[PDB]
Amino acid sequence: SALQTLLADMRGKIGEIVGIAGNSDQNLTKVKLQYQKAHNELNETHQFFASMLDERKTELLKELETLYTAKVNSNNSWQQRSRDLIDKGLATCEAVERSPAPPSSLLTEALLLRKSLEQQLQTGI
């Protein structure tokens, strides 16, 4: 009976193991599918961040082209306005320096041009 209890115990555990062994082929399948699924998520995730990095890069390149263009245009317009002010400033100086009697319009023009040259030089920042 202590013996019969031992045997019954062993046979009980044997039966339990037999049960909890399940279909061992089926279990190997759940594991394979679990792993294939995790591998795919890993790939999606990697592909997600790679697309992220690509897209972010091309947007910055686009922002960079835009700023560059604005800079080039900003320098050209400044250059052109300066040439126009310099031609007028000089002509106005020469007209004044040779005038028998500087007309009020010429003196006004000198004053306006002087102001504009100051803004143009200040805008040289």
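Residues carry their position along the shown sequence, with the first being 1.
Comparing the deposited coordinates for 73-81 and 54-62, the stretch with the larger average C-alpha B-factor is 73-81. Legend: mean Cα B-factor per stretch from the PDB entry, 28-36 versus 95-103; the higher mean is in 28-36. Ranked within its chain, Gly15 lands in the lowest third, by CA B factor from the PDB record.
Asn23: CA B factor lies in the highest third for its chain, per the PDB record. Residue-level temperature factors show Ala8 in the lowest third of its chain, judged at the C-alpha atom.
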